[PDB]
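Only one structure is covered here, and it is reproduced in the block below.
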Amino acid sequence: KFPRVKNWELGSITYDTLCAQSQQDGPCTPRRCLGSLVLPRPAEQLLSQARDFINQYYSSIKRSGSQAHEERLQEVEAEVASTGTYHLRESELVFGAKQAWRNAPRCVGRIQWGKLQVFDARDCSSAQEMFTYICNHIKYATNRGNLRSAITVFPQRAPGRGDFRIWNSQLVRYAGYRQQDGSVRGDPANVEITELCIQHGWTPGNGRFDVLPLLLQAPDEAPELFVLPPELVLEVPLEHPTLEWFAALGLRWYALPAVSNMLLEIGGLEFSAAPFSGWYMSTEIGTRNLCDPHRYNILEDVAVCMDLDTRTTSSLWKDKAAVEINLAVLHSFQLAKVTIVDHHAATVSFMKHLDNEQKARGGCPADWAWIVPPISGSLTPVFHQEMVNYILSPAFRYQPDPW
Amino acid sequence: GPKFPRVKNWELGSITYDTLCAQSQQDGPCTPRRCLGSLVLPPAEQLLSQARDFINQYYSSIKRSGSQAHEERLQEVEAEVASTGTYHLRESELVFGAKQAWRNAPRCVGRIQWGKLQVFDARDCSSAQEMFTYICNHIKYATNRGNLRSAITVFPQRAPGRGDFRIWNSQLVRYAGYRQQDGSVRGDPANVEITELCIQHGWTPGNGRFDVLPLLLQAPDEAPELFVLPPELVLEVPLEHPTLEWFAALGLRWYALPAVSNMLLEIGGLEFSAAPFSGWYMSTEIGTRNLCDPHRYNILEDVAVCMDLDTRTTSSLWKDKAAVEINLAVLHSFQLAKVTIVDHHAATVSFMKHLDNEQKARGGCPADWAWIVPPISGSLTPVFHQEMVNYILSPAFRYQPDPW
Ligand code: HEM
Ligand code: HEM
Ligand SMILES: Fc1cccc([C@@H]2C[C@H]2CNCCc2ccnc(-n3ccnc3)n2)c1
Ligand SMILES: Fc1cccc([C@@H]2C[C@H]2CNCCc2ccnc(-n3ccnc3)n2)c1
Ligand SMILES: C[C@H](O)[C@H](O)[C@H]1CNc2nc(N)[nH]c(=O)c2N1
Ligand SMILES: C[C@H](O)[C@H](O)[C@H]1CNc2nc(N)[nH]c(=O)c2N1
Ligand SMILES: [Zn+2]
């Protein structure tokens with residue numbers, strides 16, 4: 001019933017009892033484990049999800065069974081009975097957003113979970129207003145390089161009405177231009193979104209690091225294009241502490257990691273546009289974004305500037321170049337006074353979070369394959385830590401692309 | 001469309017479906033409620049159905065399903081179980097089964113080599129002394145003066161009303177771990193218990209960082225007997241670095257032959273409690289895990305100090321830098337010494353070729369992503385980007401409790 005979780009570096013053992021509170025099935029069965037997969041393959045339901053969330057909320061403020069708790073359940077029930085849905089109070093919304101971050105099994109930054117600035121954008125009626133809200137989010141979150149975690153929450157989904165959506169997967173993303181020679185200029189992950197922007201009237205550049213406009217969509221309307229004021233998008237030129245030629249590569253990356261295509265679920269309510277941001281863990285940039293074969297793919301270039309032997313895998317040229325690239329990102333961000341956390345510091349804080357959560361809730365949902373960094377896996381403490389994965393609500397969730 | 005797990009490669013955008021998992025007869029640890037896949041360790045009628053299933057697998061592999069010889073073997077196996085409670089594998093059945101168990105092992109990245117496995121039948125073994133002889137032969141053959149060859153030696157199966165053949169050591173070759181008076185450990189902390197067991201059984205212990213352990217071998221219903229491997233049979237490689245000249249002065253070394261000796265080999269319901277197998281190392285096994293794990297030799301800080309790195313801050317990436325050079329040293333030294341080894345790049349590439357082979361041959365391949373992805377430079381290898389389905393097929397290798 002209760003999974004036994006072991007750390008193999010320390011020999012310590014916990015028991016996850018929190019998993020029992022999961023109301024949603026993952027993709028695994030006793031026959032086969034599908035844990036390495038990236039994506040998933042009435043009014044009484046909503047009401048039960050609502051009562052549960054409201055119960056969580058009043059529990060969190062040490063007010064269970066109190067009159068305001070009882071009265072709040074009646075409101076929710078009254079509203080659902082009459083309208084098929086209900087609405088959250090701002091304080092409840094704030095609670096729900098923090099819990100969803102807390103419950104996100106793939107996020108290594110969760111030690112920070114209680115410190116989230118929540119912007120209520122539920123009074124938004126147009127793409128233009130979404131743009132204003134997003135611009136303020138970016139300004140606030142970026143804070144001249146001293147990054148602060150934030151989420152802005154747009155109006156919830158409603159029956160038989162189009163969703164508010166941000167079409168971009170992040171608020172800040174570099175264009176990928178499919179050249180005719182089959183190659184890709186810029187970021188290949190973004191070829192499609194780049195093409196949608198062009199179709200909807202965007203004048204493209206021809207750089208490797210052209211910041212994309214946002215396609216914002218108000219319900220049942222064509223999306224609208226919005227260029228971000230370049231002074232809002234903080235960026236960090238990449239150079240290397242000891243290799244002078246590195247800066248010549250023309251490499252750079254943006255400060256603000258803001259996810260804008262995930263769905264936020266709270267108490268049965270769904271928020272289809274609720275962009276959030278924290279700060280980068282350096283491997284996301286140095287390893288995945290810059291070195292993935294299907295991304296900027298710079299490994300061989302850097303390796304050659306380092307005069308390494310590309311001819312054979314056994315010279316570990318890839319491993320060597322990857323380390324210098326990650327060191328460059330960390331150095332550069334530190335020099336530009338922009339918040340960043342290395343994979344060692346991050347995983348150490350995550351272990352502390354696991355311990356905090358073990359005492360607070362009896363467990364912590366974690367996706368080992370995502371928590372372990374893409375380089376130097378076993379060099380970090382989380383590699384040696386068993387982990388249980390499961391879905392708790394409030395939750396962040398993937399959703400289909402609006403097109 | 002298809003009612004089977006959809007598996008995606010995110011580097012190449014290609015998709016497959018695993019139909020093979022439908023053949024899984026054993027539940028793993030996961031449920032729809034929670035995934036437990038990161039966990040390291042999470043009656044005649046029964047035997048007969050396992051036996052019938054294996055015999056069917058065997059006759060399929062030789063393309064004789066439905067044949068007279070197929071149906072006679074089924075009747076032959078059921079008769080044996082009916083009168084003895086158990087049965088016995090033909091020689092070629094054992095060879096097939098051993099290979100299929102390796103082919104089926106979700107955690108082994110070396111499975112491209114699965115068809116090339118030398119199977120030594122030792123089911124006639126009747127003493128601990130004889131077990132030692134068979135093991136020495138295995139080591140000699142498998143080591144082959146550095147030109148390593150995959151092999152397994154199969155000792156007699158569990159018999160009802162009789163004690164097991166057991167090799168107490170977790171590997172045929174492992175280094176002693178001596179608990180110190182200050183609480184530290186000299187040698188390999190992984191092997192402290194087995195080391196103390198060897199001493200309790202009369203071994204005269206050394207006091208180096210790399211003393212080869214003797215073997216504790218247990219014949220049925222007898223106390224384990226102790227055997228020292230003649231040093232010339234145990235091939236070792238002193239570790240040096242191709243450019244850092246001081247690395248050789250660290251006096252680090254590792255053994256050539258990676259031989260797992262404590263796992264249970266299950267075929268058709270028959271259980272072989274002693275069936276040691278060996279391949280060749282993937283270099284990260286030694287350079288990253290054995291040498292840099294905090295609870296193993298833990299040499300990262302020592303090497304980083306020699307490299308004059310800033311060990312006072314995480315953001316200098318001193319651990320990453322040191323780990324790279326250690327792995328390079330491992331590869332460089334094995335190659336210099338002409339001892340077979342494979343780096344994590346070549347290994348993972350070959351495993352991808354294996355996935356493609358198995359997709360065509362069986363409609364999938366059970367694989368443990370957390371074990372297949374190497375402990376350094378994960379996303380720089382192609383397997384990181386490959387979704388993987390994990391499930392238990394049989395024949396299988398399984399963990400089994402330590403015999404003490
Ligand atoms: C404060 C510093 C933060 C750090 C260092 C951090 C770190 C990370 C990292 C490295 C990932 C893996 C992403 C990937 O590799 O694609 C991740 C995932 C995730 N994080 Fe964070 N995060 C932070 C803040 C936040 C905040 C404020 C939220 C929400 C309010 C959040 C929610 C999530 C979610 C839902 C995922 C999974 C994304 C997906 O499945 O694509 N994180 N985090
Ligand atoms: C020929 C070259 C081989 C290579 C490069 C190789 C590689 C590996 C590696 C890297 C692991 C992970 C073990 C760990 O990290 O602790 C592993 C596990 C495993 N291998 Fe191999 N292997 C090879 C040959 C063999 C052979 C001949 C067999 C059996 C017939 C085998 C069966 C297994 C099994 C059962 C495991 C799981 C071990 C466990 O769970 O503790 N491998 N292999
Ligand atoms: F096609 C796809 C289907 C599912 C997921 C995919 C890639 C994994 C999703 C990216 N995951 C989040 C990436 C990201 C980017 C920027 N910031 C964060 N971030 C910020 C705070 N915490 C995480 N995360 C592609
Ligand atoms: F206490 C424990 C409980 C379960 C597993 C554990 C460690 C993971 C098992 C070691 N796994 C095998 C390591 C190994 C060593 C030498 N050779 C191989 N090998 C040889 C061919 N293929 C793999 N494997 C401890
Ligand atoms: C197939 C595999 O699950 C996929 O490559 C995962 C692995 N772990 C990851 N971990 C993080 N942090 N981010 C990712 O995108 C992925 N991708
Ligand atoms: C907790 C985690 O499951 C454990 O440390 C695993 C991770 N992946 C591994 N992968 C391999 N190849 N070998 C291992 O011993 C482990 N250990
Ligand atoms: Zn699972």
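Each chain of the structure tokens is named A, B, ... in the order shown, its residues numbered from 1; ligands are numbered from 1 in display order.
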Practice item. Show which residues sit within 8 Å of residue 112 in chain B, as a ChimeraX atom specification. Count only C-alpha atoms, and ignore same-chain residues fewer than 3 positions away. Key: /B:109,115,350-351,353-354
Keeping only N, CA, C and O atoms, write the selected residues as a PDB file, in the first residue's frame.
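Generated output (again04.pdb):
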```
ATOM      1  N   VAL B 109      22.548  -2.245 -20.892  1.00  0.00           N
ATOM      2  CA  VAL B 109      22.703  -1.479 -22.117  1.00  0.00           C
ATOM      3  C   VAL B 109      23.537  -2.242 -23.135  1.00  0.00           C
ATOM      4  O   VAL B 109      23.668  -1.807 -24.284  1.00  0.00           O
ATOM      5  N   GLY B 115      23.034 -12.263 -28.737  1.00  0.00           N
ATOM      6  CA  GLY B 115      23.160 -13.510 -29.482  1.00  0.00           C
ATOM      7  C   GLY B 115      24.533 -14.152 -29.345  1.00  0.00           C
ATOM      8  O   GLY B 115      24.667 -15.359 -29.526  1.00  0.00           O
ATOM      9  N   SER B 350      24.949   1.909 -29.616  1.00  0.00           N
ATOM     10  CA  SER B 350      24.734   0.521 -30.001  1.00  0.00           C
ATOM     11  C   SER B 350      23.393   0.037 -29.440  1.00  0.00           C
ATOM     12  O   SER B 350      22.677  -0.734 -30.080  1.00  0.00           O
ATOM     13  N   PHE B 351      23.041   0.508 -28.254  1.00  0.00           N
ATOM     14  CA  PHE B 351      21.768   0.132 -27.666  1.00  0.00           C
ATOM     15  C   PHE B 351      20.592   0.648 -28.516  1.00  0.00           C
ATOM     16  O   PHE B 351      19.563  -0.028 -28.651  1.00  0.00           O
ATOM     17  N   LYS B 353      20.654   0.824 -31.698  1.00  0.00           N
ATOM     18  CA  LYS B 353      20.616  -0.070 -32.853  1.00  0.00           C
ATOM     19  C   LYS B 353      19.882  -1.329 -32.409  1.00  0.00           C
ATOM     20  O   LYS B 353      19.039  -1.874 -33.135  1.00  0.00           O
ATOM     21  N   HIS B 354      20.160  -1.729 -31.173  1.00  0.00           N
ATOM     22  CA  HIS B 354      19.502  -2.871 -30.558  1.00  0.00           C
ATOM     23  C   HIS B 354      17.975  -2.672 -30.463  1.00  0.00           C
ATOM     24  O   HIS B 354      17.216  -3.585 -30.821  1.00  0.00           O
TER      25      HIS B 354
END
```
Near chain A, 7 Å: chain B residue rows, closest pairs, only C-alpha atoms, as CSV:
```
residue,atom,partner,partner_atom,distance
B:11,CA,A:294,CA,5.6
B:21,CA,A:32,CA,7.0
B:24,CA,A:31,CA,6.6
B:26,CA,A:31,CA,6.8
B:27,CA,A:30,CA,4.7
B:28,CA,A:30,CA,5.2
B:29,CA,A:30,CA,6.1
B:30,CA,A:30,CA,5.1
B:31,CA,A:29,CA,4.5
B:32,CA,A:25,CA,4.7
B:33,CA,A:25,CA,5.1
B:34,CA,A:390,CA,4.7
B:35,CA,A:389,CA,5.0
B:36,CA,A:388,CA,5.4
B:37,CA,A:33,CA,6.6
B:38,CA,A:386,CA,5.6
B:39,CA,A:386,CA,5.5
B:294,CA,A:9,CA,6.6
B:295,CA,A:9,CA,5.6
B:314,CA,A:344,CA,6.0
B:315,CA,A:342,CA,5.9
B:316,CA,A:327,CA,6.9
B:317,CA,A:327,CA,6.7
B:320,CA,A:376,CA,6.1
B:321,CA,A:323,CA,6.8
B:324,CA,A:319,CA,6.8
B:328,CA,A:316,CA,6.7
B:331,CA,A:314,CA,6.8
B:343,CA,A:314,CA,6.1
B:345,CA,A:313,CA,6.0
B:346,CA,A:313,CA,6.6
B:369,CA,A:36,CA,6.5
B:370,CA,A:369,CA,6.6
B:375,CA,A:377,CA,4.9
B:376,CA,A:376,CA,4.2
B:377,CA,A:375,CA,4.2
B:378,CA,A:374,CA,5.1
B:379,CA,A:374,CA,5.0
B:380,CA,A:292,CA,7.0
B:387,CA,A:37,CA,5.4
B:388,CA,A:36,CA,6.0
B:389,CA,A:34,CA,5.5
B:390,CA,A:33,CA,5.0
B:391,CA,A:32,CA,4.7
```
Review point. Taking the backbone alone, and naming residues the way the document does, which bits of range 134-361 of chain B are strand (DSSP E) by DSSP, as a ChimeraX atom specification?
Key: /B:151-154,166-167,177-179,185-187,215-218,225-227,236-238,253-255,259-260,264-267,270-272,277-278
**Study point:** Interatomic distance, CA of residue 173 in chain B to CA of residue 268 in chain B (Å, one decimal)
**Key:**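 Calculated distance between CA of residue 173 in chain B and CA of residue 268 in chain B is 29.4 Å.
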Exercise for review: Enumerate as a ChimeraX atom specification the residues within 10 Å of ligand 3, counting only C-alpha atoms and all ligand atoms.
Suggested key: /A:37-40,101,104,106-110,149-150,169-173,189,256-262,275-281,284-285,289,370,397-401 /B:10,13
**Study point:** Pairwise distance for CA of residue 87 in chain B and CA of residue 269 in chain B, rounded to one decimal in Å
**Key:**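 That distance, rounded to one decimal, is 9.4 Å.
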What are the closest atom pairs, with distances in Å to one decimal, for each residue of chain B lying within 6 Å of ligand 5, using only C-alpha atoms and all ligand atoms, rows by chain and rising residue number, as a tab-separated table?
```
residue	atom	partner	partner_atom_place_in_ligand_line	distance
B:384	CA	ligand 5	5 (O)	5.0
B:385	CA	ligand 5	5 (O)	3.8
B:386	CA	ligand 5	1 (C)	4.5
B:387	CA	ligand 5	1 (C)	4.0
```
Store the residues of this selection in a file with C-alpha atoms, as a PDB file, in the first residue's frame.
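Below you can see result-v3.pdb, which holds the result:
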```pdb
ATOM      1  CA  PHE B 384      18.150  10.124 -23.095  1.00  0.00           C
ATOM      2  CA  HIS B 385      15.777  11.221 -25.857  1.00  0.00           C
ATOM      3  CA  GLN B 386      14.236   7.780 -26.292  1.00  0.00           C
ATOM      4  CA  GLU B 387      11.053   6.924 -24.395  1.00  0.00           C
TER       5      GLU B 387
END
```
